[PDB]
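Participant: Here's a sequence, model it:
(9 chains, ligands or ions: 6)
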Amino acid sequence: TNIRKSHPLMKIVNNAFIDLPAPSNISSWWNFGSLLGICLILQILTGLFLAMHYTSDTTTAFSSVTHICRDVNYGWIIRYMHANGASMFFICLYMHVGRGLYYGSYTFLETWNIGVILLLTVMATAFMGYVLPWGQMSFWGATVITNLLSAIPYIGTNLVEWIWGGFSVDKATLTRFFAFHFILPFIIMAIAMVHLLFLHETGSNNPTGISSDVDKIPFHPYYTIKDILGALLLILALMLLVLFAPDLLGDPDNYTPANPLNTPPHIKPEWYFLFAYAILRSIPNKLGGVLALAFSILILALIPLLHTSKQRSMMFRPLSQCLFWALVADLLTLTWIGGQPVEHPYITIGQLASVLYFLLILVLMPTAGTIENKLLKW
Amino acid sequence: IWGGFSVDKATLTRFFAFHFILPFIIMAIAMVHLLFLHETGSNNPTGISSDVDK
Amino acid sequence: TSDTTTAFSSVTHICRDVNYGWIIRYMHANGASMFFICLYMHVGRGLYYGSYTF
Amino acid sequence: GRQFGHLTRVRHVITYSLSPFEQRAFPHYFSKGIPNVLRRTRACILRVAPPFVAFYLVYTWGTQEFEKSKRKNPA
Amino acid sequence: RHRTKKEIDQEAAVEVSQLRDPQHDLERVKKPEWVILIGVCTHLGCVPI
Amino acid sequence: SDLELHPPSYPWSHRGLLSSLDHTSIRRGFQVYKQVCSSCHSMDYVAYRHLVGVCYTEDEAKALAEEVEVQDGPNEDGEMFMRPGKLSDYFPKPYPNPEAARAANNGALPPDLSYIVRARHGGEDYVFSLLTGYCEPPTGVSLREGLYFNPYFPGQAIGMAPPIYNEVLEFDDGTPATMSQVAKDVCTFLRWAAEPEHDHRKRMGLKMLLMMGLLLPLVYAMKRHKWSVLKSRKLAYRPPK
Amino acid sequence: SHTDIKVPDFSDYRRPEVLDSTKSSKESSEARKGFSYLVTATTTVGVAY
Amino acid sequence: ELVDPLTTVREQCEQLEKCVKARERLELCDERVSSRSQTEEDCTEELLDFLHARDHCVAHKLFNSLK
Amino acid sequence: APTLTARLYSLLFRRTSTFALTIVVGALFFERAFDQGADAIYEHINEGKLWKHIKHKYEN
Ligand code: HEC
Ligand code: HEC
Ligand code: HEC
Ligand code: HEC
Ligand SMILES: C/C=C(C)/C=C/C=C/[C@H](OC)[C@@H](C)[C@@H](OC)[C@@H](C)CCc1oc2c(O)c(OC)cc(OC)c2c(=O)c1C
Ligand SMILES: COC1=C(OC)C(=O)C(C/C=C(\C)CCC=C(C)C)=C(C)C1=O
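Facilitator: Numbers count the residues shown, from 1 in each chain, chains lettered A, B, ... in the order given. Ligands and ions are numbered 1, 2, ... in the order given. What follows is the structure:
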């Protein structure tokens, strides 16, 4: 009788991290789950040590962040670890979603649906975080994204002013955004546990999409060691960015203090918002543009209802493989357009890419699955 | 823990941060408190086992 | 706001200017004391009834 | 809630394993490793690459077209 | 906004019917050389250049 | 007028991956700031003590601080006096307001120079190209000549008069104060002004790369060693009859 | 008929000091564990730093 | 008296083959603009084209002289 | 039995406490030898340049 197996706390650890039956089988694309956890605690830890010196008043917010970067012993690594960890958080998110899409992991309805909430929550958290240093991108970021609510008919204006604290972005806006940005990662952490709880009910999917109970291996030592290696690659990727190119993924305009009278000429999102940004502005309509933005991420919840194929994974589905990569490349296209001004070639090709995004998921990928069924006499 | 030779600017900003997080840490420890409790169930006024009358 | 220049001013800004900031502030203040009344009752109950054997 | 000894039913399958201390971590690492990656690449290139060249062409054309459009000539 | 003669020429002439929000220029000003506007875009609240 | 030109790649001594700032060039560049730019440009986020590690000594920087008059907080009668000023003082502000900044420089606001390398695309290359590349208008366009011509500025019409030329003050070591070198040194200083961590992050970077060059193959071997048992396993299927 | 089961050849995967079936493994036992534990010992030292 | 190395480098850059063609089409723009009645047609485009080729070459060379 | 990984294992690795002791003693002497080396490489690749090499110009 084992202490590891029967102690009411260690029970939980053992049935999640040690004795948990896992496929013999799962590739590097399965490393991103633990990497998201590492990202979560990295952002929690640095974010805590930034909160120790940050002040959330408009007069002083920019000054406190630069006080961190110049005066605070090693405040610069903490600040840019945080900044680049947020981008690392997004690289891992996108890899993790794409893995799920490819391998048919969305057939775990609860795990997947909680995952969609986790994406939206981490997006809202990181929007808030960018508002905090009170640069130019902070202010107009806060302006535009809060104003998305103003598209809700009849009550949208009241709602925007309700979260602002008044008629404009102001003193009241920044102090609550610090408070909202502090708590939300812990709420995320709690939802990450429920995500894992629903997952353990089935165990993991694998590259083949075929049930792997015939060949399970213990999580320890195999996926404990594969996870350590994967994390050490995540540390490389992060520490390359903070130590050799700290500002590569950010905006120079956020190094000028916020200014309510001038929006900059060049303004774009943070790289990881660029596809959704490109989708919304491809529509010359207020209500439709924001409805498309909401639909661009909420679509993931329809993907299980649109699975036509008699196989789970895309591994043995070449038509679907092609159309998956068309989806990735189209998403890469949309982040390129997001980066460009609203002028001649870019308006049309961004409109066509927007249409293709929705056509691929809604129509073209379900039809590919039926054709593939018919070709196998299924 | 002060941030220097005296209580100062540095002391108050971190005390806000420490005071924000610690109730959530408390909340997590309150769950572990309940988890250990459910293992036995409650005691009662008599101190005698009450399985005979749950 | 957690700066020394402004911390007292923000708390009184809550109590005078913030719509119903006064109930929130003093609910918080007296809830902390309520938290302690309940703690002491809860410990004493445990001491009396031998609940510490858990 | 799944445990070893309760997963599924398997009959008539023998597994031979060796100790980690009996065997090499990198058994024939380049001699067999390189032939494999090339084989894996060949297997997937036609599925992965053609959307990204299709991105590349629309990128190259789009940047070029935008550049040319903000020049004049006879006016 | 101080307006030149070429500027007022374009605004009076262009179609009221073909706008998304149908107004004449003359019912958008009081005296036609001075336009006073809140510099907040009606989309999502940026400052127009 | 909407048409743009982007800066070329100048081979800064700190452009390379594992490469120090030139602290001899940071020194000469502070000298450019104190004498030319500080008449117009704020640097609110750099203090005199920041120089003590970097280019100057403790004594050098204390004597440099003891050159300006700074307002100090109240005497025990209740009035605002002036003092020589210490290493703790941030670099002195021209103009009490942004509005007093706009009034002296003919409508135009000169922004802070504490951030300016990190706050403009191209970095020091842009600031070098905007400085060293001051030029004459082409035919077709004229300025309302409170504003001047620079090609590197967006829209081509800049409020800044071309503030650098041959021999605007001397360098303390003995260095020829050509406009090219006056621009080189100030941009080398403004990089340090934007990013004082620069040399420390590149030191830790080399340590990071060398450590990772040990740890990545070692953890790989650790993971392979454990995965050995599975990767070399042999299956046989032996059904009855 | 279970006596038909031979364990298949593992020479392809074996450490060099353990290819001779005619010779004891006990002799190379201290060395082989030595090499593998030195790897984890150095890693711990590396991570510790 | 006072020798700026940028003067030595800019002259040396302008004599290189790309710059000769781009100075040419700027000069051909220079004659075109004083000629017409009230032309709006700028030599912004042809100046910046020439500076593009010149400053590219300036950057490759200039810092080898400066201390 | 002459071989060195063997004597490394026999004296230091066999027991987990000795294994841990050899790691912590190992980490002390690594931190010195690596920081010695990595600084000396960084200083040599930036030959003058840093205030450590400028130092002697401004006096005692
Ligand atoms: C008075 C003439 C000066 C002097 C002596 C210097 N500056 Fe500055 N500066 C001045 C103005 C009026 C402006 C605003 C320009 C405008 O927006 O119309 C500037 C601005 C700059 C900038 C920012 C340009 C940009 O937007 O990209 C920089 C980078 C700059 N100034 C640098 C600079 C340097 C290095 C100086 C010393 C050689 C210098 N300035 C002095 C007015 C003036
Ligand atoms: C919108 C989809 C989605 C998002 C976003 C998502 N998850 Fe998942 N996650 C899943 C699915 C589906 C699986 C099951 C994968 C499988 O078994 O193939 C899963 C598996 C995982 C795993 C374990 C197995 C693995 O894939 O590595 C972890 C850990 C994980 N999720 C944590 C997270 C964390 C932390 C976040 C960020 C807060 C997150 N996930 C975001 C849907 C997602
Ligand atoms: C304990 C509080 C805390 C937590 C937890 C937190 N952060 Fe932050 N975050 C901050 C503060 C304070 C700043 C302002 C300092 C700064 O700009 O770097 C900030 C800054 C940011 C920024 C702006 C970076 C920049 O400087 O450009 C982003 C983006 C960000 N956070 C995202 C995240 C994400 C994602 C998480 C994890 C879900 C997270 N943060 C966790 C407090 C927190
Ligand atoms: C130092 C002792 C102690 C402290 C302080 C304490 N607990 Fe308990 N708690 C106990 C014990 C012992 C029991 C079991 C009582 C029994 O069954 O008679 C218990 C029971 C409870 C119960 C359920 C039964 C009951 O007594 O109502 C809850 C709920 C509770 N604890 C939550 C909390 C919370 C929340 C806190 C404040 C964070 C807390 N406790 C503080 C020792 C304590
Ligand atoms: C209290 C109320 C809260 C927290 C409301 C939160 C709403 C959060 C959203 O959903 C989670 C949101 C973050 C998400 O939309 C789906 C993003 C992908 C939106 C992407 C986004 O970014 C921009 C941005 O970053 C900018 O600044 C540099 C400026 C911008 O305009 C020019 C935008 C912008 O136009 C869009 C669409
Ligand atoms: C069955 O699949 C599983 C994996 O195999 C790919 C994992 O690697 C991990 C490891 C995840 C970690 C360390 C993140 C923990 C998150 C929080 C918020 C504490 C889990 C839980 C899992 O269930």
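Participant: middle-most residue in chain F, spatially?
Facilitator: The centroid of chain F falls nearest to residue F:191 when counting by Cα atoms, centre = their mean (2.2 Å).
Participant: what sits against it?
Facilitator: By Cβ atoms under 8 Å, 6 or more residues apart in numbering or on different chains, the contact set of residue F:191 is F:12, F:14, F:21, F:117, F:123, F:124, F:198. C-beta coordinates here come from the backbone N, C-alpha and C atoms, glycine included.
Participant: try it again with 10 Å
Facilitator: Under the criterion of Cβ atoms under 10 Å, 6 or more residues apart in numbering or on different chains, the contact list for residue F:191 reads F:12, F:14, F:21-22, F:25-26, F:29, F:116-118, F:123-124, F:127, F:198.
Participant: for residue H:15, same thing?
Facilitator: residue H:57.
Participant: packing partners for the strand or helix carrying residue F:219?
Facilitator: Residue F:219 belongs to helix F:198-231 when assigned by DSSP states H and E. For helix F:198-231, the contact count by 3 or more Cβ pairs under 10 Å, 6 or more residues apart in numbering or on different chains; DSSP states H and E identifies helix A:75-103, strand A:216-218, helix A:219-244, helix F:179-194, helix G:26-48, helix I:16-45 as packing neighbours.
Participant: got the buried residues for the longest one?
Facilitator: Same thing as helix I:16-45. Within helix I:16-45, the residues that qualify as buried are I:19, I:22, I:23, I:26, I:30, I:34, I:38, I:42, counting by 16 or more other Cβ atoms under 10 Å in any protein chain shown.
Participant: immediately after it, which helix or strand?
Facilitator: helix I:51-54.
Participant: so what does that following helix touch, helix or strand wise?
Facilitator: helix F:23-32, helix F:50-54, helix I:16-45.
Participant: So for the top helix by length along chain H, what gets flagged as buried?
Facilitator: Secondary structure assigned by DSSP state H gives helix H:17-35 as the longest helix of chain H. Using 16+ other Cβ under 10 Å as the test for burial, helix H:17-35 gives H:19, H:22, H:23, H:26, H:29, H:30, H:33.
Participant: Would the helix or strand that it is followed by count as contacting chain A?
Facilitator: Going down the chain from helix H:17-35, the next helix or strand is helix H:44-59, by DSSP H and E. No: against chain A, helix H:44-59 shows no contacts by Cβ under 10 Å from any Cβ of the partner chain, the least distance being 17.3 Å.
Participant: What is the burial count for the closest residue to chain G within chain D?
Facilitator: Nearest residue of chain D to chain G (Cβ to the nearest Cβ) works out as residue D:23 at 4.5 Å. Number of residues near residue D:23 (other Cβ atoms under 10 Å in any protein chain shown) recorded here: 21.
Participant: Tell me which stretches of chain E form strands.
Facilitator: Secondary structure of chain E (DSSP state E): no strands present.
Participant: can you tell me the residue of it closest to ligand 6?
Facilitator: residue E:44 (33.7 Å; Cβ to the nearest ligand atom).
Participant: Tell me where the chain has strands.
Facilitator: No chain specified, so I'll use chain A. Going by DSSP E, chain A shows strands at A:21-23, A:216-218.
Participant: Please refer instead to chain D.
Facilitator: D:13-16.
Participant: What residue in it comes nearest to chain E?
Facilitator: Closest point on chain D to chain E, by Cβ to the nearest Cβ, is residue D:70, at 17.1 Å.
Participant: Pretty sure that residue sits against residue H:45.
Facilitator: Yes: using Cβ atoms under 10 Å, residue D:70 is in contact with residue H:45, at 9.4 Å.
Participant: Now the common contact residues for these two.
Facilitator: residue F:3.
Participant: the more surrounded of these two?
Facilitator: residue H:45 (18 against 12).
Participant: Can you verify my assumption that the more buried one contacts residue F:156?
Facilitator: No: using Cβ under 10 Å, residue H:45 makes no contact with residue F:156, being 11.4 Å away.
Participant: Now for those two: what residues contact both?
Facilitator: By Cβ under 10 Å, 6+ apart, the residues touching both residue H:45 and residue F:156 are F:3, F:138.
Participant: For residue H:56, which non-adjacent residue is spatially closest?
Facilitator: residue F:8 (4.9 Å; Cβ to Cβ, 6 or more residues apart in numbering or on different chains).
Participant: which residues does the residue in chain D that ligand 5 sits nearest to contact?
Facilitator: In chain D, the residue that lies nearest ligand 5 is residue D:66 (19.7 Å; Cβ to the nearest ligand atom). Going by Cβ under 10 Å, 6+ apart, residue D:66 touches A:340, A:341, A:343, A:344, A:345, A:346.
Participant: when you check chain F, which of those turn up near it?
Facilitator: The subset of the contacts of residue D:66 within reach of chain F, by Cβ under 10 Å from any Cβ, is residue A:343.
Participant: Of the contacts of residue D:66 - the most surrounded one?
Facilitator: residue A:346 leads these on contacts (other Cβ under 10 Å) with 21 neighbours.
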